[PDB]
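What follows is calculated from the coordinates using simple rules that are stated; it is not laboratory data. When we count neighbours, we look across all protein chains shown, and the Cβ atoms used for this are built from the backbone with ideal geometry, even at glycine.
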Amino acid sequence: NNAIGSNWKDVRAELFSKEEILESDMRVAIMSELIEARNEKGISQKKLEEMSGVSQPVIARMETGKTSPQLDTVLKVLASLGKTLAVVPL
Amino acid sequence: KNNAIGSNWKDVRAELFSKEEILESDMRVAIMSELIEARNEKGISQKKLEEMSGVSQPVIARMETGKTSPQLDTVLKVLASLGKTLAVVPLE
Amino acid sequence: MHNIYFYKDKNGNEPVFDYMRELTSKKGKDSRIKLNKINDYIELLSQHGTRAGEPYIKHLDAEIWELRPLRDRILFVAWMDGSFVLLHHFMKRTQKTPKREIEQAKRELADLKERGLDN
Amino acid sequence: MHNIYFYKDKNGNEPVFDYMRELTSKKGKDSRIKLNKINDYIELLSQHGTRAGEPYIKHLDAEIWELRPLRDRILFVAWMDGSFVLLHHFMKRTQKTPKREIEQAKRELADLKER
């Protein structure tokens, strides 16, 4: 099929450096935890606000935000989900 | 043995701080450690890390002194220059 | 894990890729920001499919779905699984996605099925 | 890697721990800030020992070192390789570290070897 073109895996490798891909996956991993907490564990975003003690707008900006999210904020949210971050070799 | 030698810090730390505070403390020292183990060992100065990571000097400075928590992107950049990065792992 | 394919028109150009390559050719911080967000949402679609839910993904009409990084909108469809096909892209000008974009998406989908038959 | 113990005087009190505990008791959120900085620095001493370098630690006189979490100062010594012992606390109101403090640490340290 001539209408079915480039695979995203090849496109991503062209448009982004290895560092940009590394940062993206990490942002995706955090998003993935918010998603499958809602999908499986049945936790709402405001339910998460009470467990993690971080405000709902700051949680939402992890997903939709232009920029950050801050490190301590990520650690609070992940911890309430039974997860955390660790320094690991590259 | 010795009465002058008192409580172990591991115990004192566990009593005075929540599980949450300790984990965030462990992350701050882990980041501080990398910057330190870069400086007196690998001979990488803050000037040198600035141009390696593309992250500026005031930003890396505050990243070391934990007053305000860093953005994830900057942390991953600085760590990458040093041969490390973050992974999502189970709590324990 | 789901495969993600870019739609190629008759010329052939891949509109979504062409747009991303345009953002890559631009200075200024806004384009870099938009690029990173687009990178995250597509990769997210690759891992979770439509199970990603809102804010990342919303259904529009029939087979047509939309990916919503920031103000950017990428229309896509379910394809022979495990895949998805990214159709084309537009900037949000309105309260909601307009009819015009949806119908262009459907034509592109129809085009895909026809050109897929000729083998 | 390096263990840290708290000095316990004749009365059975540990001065540094006593100070941190009252910080824990206070409502003020700067008490929390000082506590967190102390948490980081002591933990840092645990991993890197005296190799941590300034601003975190500083050599004062002879066997005495100080930890410098903001304006809090915690005097400590090498001990029992490879560990350390936190002697006592003072807030620094000057840019000089008084030898009043240092000789107290020396006398504290003296008490350690004795017992």
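Summary table below
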quantity: Which of C:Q95, C:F17, C:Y41, positive extreme of dipole for chain C (C-beta unit charges); calculated: C:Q95
quantity: Of D:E22, D:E101, D:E66, the one that fluctuates the most in a GNM where chain D has Cα springs shorter than 10 Å; calculated: D:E22
quantity: Dipole-positive endmost among B:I60, B:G43, B:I22 within chain B (Cβ charges, Cα centre); calculated: B:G43
quantity: Assigned charges on the beta-carbon of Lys, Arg, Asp, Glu; the protein assembly as shown dipole about Cα centre (debye); calculated: 1380
quantity: Cβ charges +1 (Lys, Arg) and -1 (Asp, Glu), total dipole of region A:1-76, debye; calculated: 240
quantity: Of A:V11, A:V77, A:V58, the one that fluctuates the most in a GNM where chain A has Cα springs shorter than 10 Å; calculated: A:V11
quantity: Entries of B:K77/C:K26; B:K10/D:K26; A:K9/B:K67; A:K41/C:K34; C:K34/C:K96 with Cα pairs more than 29 Å apart; calculated: A:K9/B:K67; A:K41/C:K34
quantity: Peptide B:72-78, shielding by other chains (average Cβ, 10 Å cutoff); calculated: 6
quantity: Proximal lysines to C:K10, defined as alpha-carbon separation beneath 20 angstrom and excluding residues fewer than eight positions away on the same chain; calculated: C:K106, C:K113
quantity: For q = 0.08, 0.11 Å⁻¹, Debye-computed log10 I/I(0) when each Cα of the protein assembly as shown counts as one equal scatterer; calculated: -0.57, -0.89
quantity: Mean-position separation - Cα centroids, region D:40-61 and region C:44-119, in angstrom; calculated: 56
quantity: J(HN,Hα) series, region B:26-35, from Karplus relation 6.51 cos²θ - 1.76 cosθ + 1.60, nearest Hz, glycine and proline x; calculated: 5, 6, 5, 6, 5, 6, 4, 4, 4, 5
quantity: Student exercise, chain D dipole from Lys, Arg, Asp, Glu Cβ charges, in Debye to nearest 20; calculated: 560
quantity: Percent of alpha-carbon pairs separated by more than 26 Å within chain C; calculated: 16
quantity: Coil-residue GluC sites (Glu not before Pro) of region A:1-84, DSSP, other Cβ within 10 Å capped at 11; calculated: A:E40
